[PDB]
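Visitor: Pasting a structure below so you can have a look.
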Amino acid sequence: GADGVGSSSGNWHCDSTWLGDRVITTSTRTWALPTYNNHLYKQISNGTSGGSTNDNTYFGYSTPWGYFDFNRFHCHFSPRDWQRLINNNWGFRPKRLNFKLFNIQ
Amino acid sequence: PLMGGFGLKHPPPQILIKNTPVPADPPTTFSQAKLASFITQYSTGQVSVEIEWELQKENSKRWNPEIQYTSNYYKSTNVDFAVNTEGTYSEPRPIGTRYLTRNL
Numbered sequence: 218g219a220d221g222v223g224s225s226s227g228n229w230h231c232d233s234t235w236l237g238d239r240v241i242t243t244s245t246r247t248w249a250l251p252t253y254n255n256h257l258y259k260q261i262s263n264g265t266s267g268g269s270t271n272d273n274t275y276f277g278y279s280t281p282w283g284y285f286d287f288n289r290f291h292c293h294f295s296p297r298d299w300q301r302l303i304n305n306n307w308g309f310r311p312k313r314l315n316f317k318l319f320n321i322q
Numbered sequence: 635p636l637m638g639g640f641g642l643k644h645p646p647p648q649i650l651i652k653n654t655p656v657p658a659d660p661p662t663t664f665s666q667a668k669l670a671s672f673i674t675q676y677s678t679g680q681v682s683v684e685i686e687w688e689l690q691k692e693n694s695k696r697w698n699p700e701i702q703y704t705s706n707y708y709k710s711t712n713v714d715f716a717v718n719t720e721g722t723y724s725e726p727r728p729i730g731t732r733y734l735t736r737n738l
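In the order they appear, the protein sequences are chains A and F. Taking the deposited numbering, I'd label the letters of the first sequence as residues 218 to 322. Taking the deposited numbering, I'd label the letters of the second sequence as residues 635 to 738.
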């Protein structure tokens, strides 16, 4: 490894590049992961015996885990880079993605 | 140049063109004067020109959107920059070259 707390595992890349047809857009943020459910899976439900009606009844579990959601555009496109996309092009689709955690403390 | 556009120390060379004058019937008896009777004439043809431009590509980190030249979204009696009922091509307004922004 030869890494240790002495170093920074990763660098900050918020850069986006327009190359031919490809456009490669990366981001980075800062996240704070709170402890959830004192580490207990829990059954959660909402009954129709309460004020809830039959449409709002659900059943399931709430886990201590948590998940990264980048699924929205405005994550990955600065309002300028989204202007170069909608003004100059007919269509766009993704090819590959890449994902990194670093500098975890 | 004050009007704008690229000043050139050797501009594109201008082109001059003329019909070759074709004289009408000269007299039977020679005379000194030049021929003053010409055959009315005019010519037509197709002229083509390309100008190969170099574009300076734009790389800018400005966050918020730029300003852009955009056509009117509201309905109009006839399309701008395009012919009207009479067949008359009409450019409605002048179009500047400056929109994108840069740091002084």
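By construction, the Cβ of each residue, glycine as well, lies at the ideal position given by its N, Cα and C atoms.
1. Going by the DSSP bridge assignment, what does residue 223(A) pair with across the sheet?
2. Kindly indicate which residue of 646(F), 639(F), 734(F) has the alpha-carbon position closest to the one of residue 694(F).
3. According to DSSP, residue 263(A) sits in a beta bridge with which residue or residues?
4. Between the stretch 635–653 of chain F and the stretch 307–321 of chain A, do three or more beta carbon pairs fall short of 8 Å?
5. Between the alpha carbons of residue 641(F) and residue 635(F), how many angstroms are there, rounded?
6. Name, in chain order, the residues that DSSP records as bridge partners for residue 670(F).
7. With 8 Å set as the bound, which would you pick, yes or no: does the beta-carbon of residue 306(A) sit closer than that to a beta-carbon of chain F?
8. Going straight from the alpha carbon of residue 269(A) to that of residue 262(A), what length do you get?
9. Pull the bridge partners of residue 299(A) from the DSSP assignment, please.
10. Measuring only between beta-carbons, confirm whether residue 728(F) sits less than 8 Å from chain A.
11. Determine the extent of the alpha helix (DSSP H) in which residue 231(A) is found, giving its start and end residues.
12. Relative to the alpha-carbon of residue 725(F), which residue among 715(F), 686(F), 719(F) has its alpha-carbon at the smallest distance?
13. Closer than 7 Å between beta carbons: that is the criterion. Which residues of the stretch 285–302 of chain A meet it against chain F?
14. Take residue 279(A) and list the residues in its own chain whose beta-carbon comes closer than 7 Å to its own, dropping the five residues that flank it on each side.
15. Taking the straight line between their C-alpha atoms, what separation do you get for residue 723(F) and residue 680(F)?
16. Taking C-alpha atoms, which residue in 310(A), 321(A), 282(A) lies nearest to residue 241(A)?
17. So, at 6 Å on beta carbons, what are the nonlocal neighbours of residue 655(F) in its own chain, with the 5 sequence-adjacent residues on each side left out?
18. Cβ of residue 231(A) within 8 Å of Cβ of residue 247(A)?
Guide: The short version:
1. Position 6 of the first sequence holds residue 223(A). Answer by DSSP bridge pairing: none, since residue 223(A) is not bridged.
2. Indexing the second sequence from 1 puts residue 694(F) at position 60. Measuring from the Cα of residue 694(F), the nearest candidate turns out to be 734(F).
3. If you number the first sequence from 1, residue 263(A) lands on position 46. 275(A).
4. no
5. Within the second sequence, numbered from 1, the residue matching residue 641(F) stands at position 7. Within the second sequence, numbered from 1, the residue matching residue 635(F) stands at position 1. Whole-angstrom Cα-Cα distance: 6 Å.
6. Within the second sequence, the letter at position 36 stands for residue 670(F). Its beta-bridge partners do not exist; DSSP assigns none.
7. Taking the first sequence and counting its residues from 1, one reaches residue 306(A) at position 89. No, residue 306(A) lies away from the interface with chain F (no Cβ there is under 8 Å from its Cβ).
8. Counting from 1 along the first sequence, the entry for residue 269(A) is found at position 52. Counting from 1 along the first sequence, the entry for residue 262(A) is found at position 45. For residue 269(A) and residue 262(A), the distance between alpha carbons rounds to 11 Å.
9. The residue you call residue 299(A) lines up with position 82 of the first sequence. Residue 299(A) pairs with nothing; no bridge assigned.
10. In the second sequence, counting from the first residue as 1, residue 728(F) sits at position 94. Not one chain A Cβ lies under 8 Å of residue 728(F).
11. Locating residue 231(A) in the first sequence gives position 14, where the first residue counts as 1. Where residue 231(A) is concerned, there is no enclosing alpha helix (DSSP H), given that its DSSP letter is neither H nor E.
12. Walking along the second sequence from the start, residue 725(F) turns up at place 91. Per the Cα distances, 715(F).
13. 295, 296, 297, 300
14. Residue 279(A) sits at position 62 when you count from the first residue of the first sequence. Spatial neighbours of residue 279(A) in its own chain (CB-CB distance under 7 Å, excluding positions within 5 residues in sequence) are listed in chain order as 254, 259, 261.
15. Along the second sequence, one-based indexing puts residue 723(F) at 89. Along the second sequence, one-based indexing puts residue 680(F) at 46. If you take the alpha carbons of residue 723(F) and residue 680(F), they lie about 21 Å apart.
16. Here the question's residue 241(A) lines up with position 24 in the first sequence. Comparing Cα positions, the closest option is 310(A).
17. On the second sequence, position 21 is the one that residue 655(F) refers to. The residues are 672.
18. Reading the first sequence from its first residue, position 14 is the one you call residue 231(A). Reading the first sequence from its first residue, position 30 is the one you call residue 247(A). Result no, Cβ atoms of residue 231(A) and residue 247(A) do not sit closer than 8 Å.
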